[PDB]
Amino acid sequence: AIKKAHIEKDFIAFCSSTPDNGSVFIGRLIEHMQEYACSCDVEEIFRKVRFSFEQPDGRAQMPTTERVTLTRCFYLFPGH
């Protein structure tokens, strides 16, 4: 018997639209991923990236989290 499944589920998007102008966004994202993958789920790492951009120095950056259908926390567990 046929079973129903959500058409769209378990997505998360992180979006930067900042002019150009490595790039500031990508560098900052790599840094926060390197530092917090061990202890924070991906959504929280995205928030932390935003926090680091809170003070608009130079060209303002505020990358959005979009279209989230994650039902669970995505931890990278680096080392595993």
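Numbers follow the displayed sequence, beginning with 1. For clarity, a rigid core is taken as the largest C-alpha set superposing within 1.5 Å between two forms.
Undergrad: After fitting on the rigid core, pick out whichever of 11-19 or 64-72 shows the bigger RMS C-alpha deviation in 5 other deposited structures of this protein.
TA: Once the cores are fitted, 11-19 deviates more in 5 other deposited structures of this protein.
Undergrad: What stretch shows more C-alpha movement in 5 other deposited structures of this protein relative to this form, 50-58 or 35-43, after the core is superposed?
TA: When 50-58 and 35-43 are compared in 5 other deposited structures of this protein, 50-58 lies farther out.
Undergrad: Should the segment between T71 and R72 be described as having none, 1 to 3, 4 to 9, or 10 or more unmodelled residues of the deposited sequence?
TA: Missing residues, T71 to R72: none.
Undergrad: Using the B-factors recorded in the PDB entry, average over the C-alpha atoms of 36-44 and of 51-59, then report which stretch comes out higher.
TA: Comparing 36-44 with 51-59, the higher average CA B-factor belongs to 51-59.
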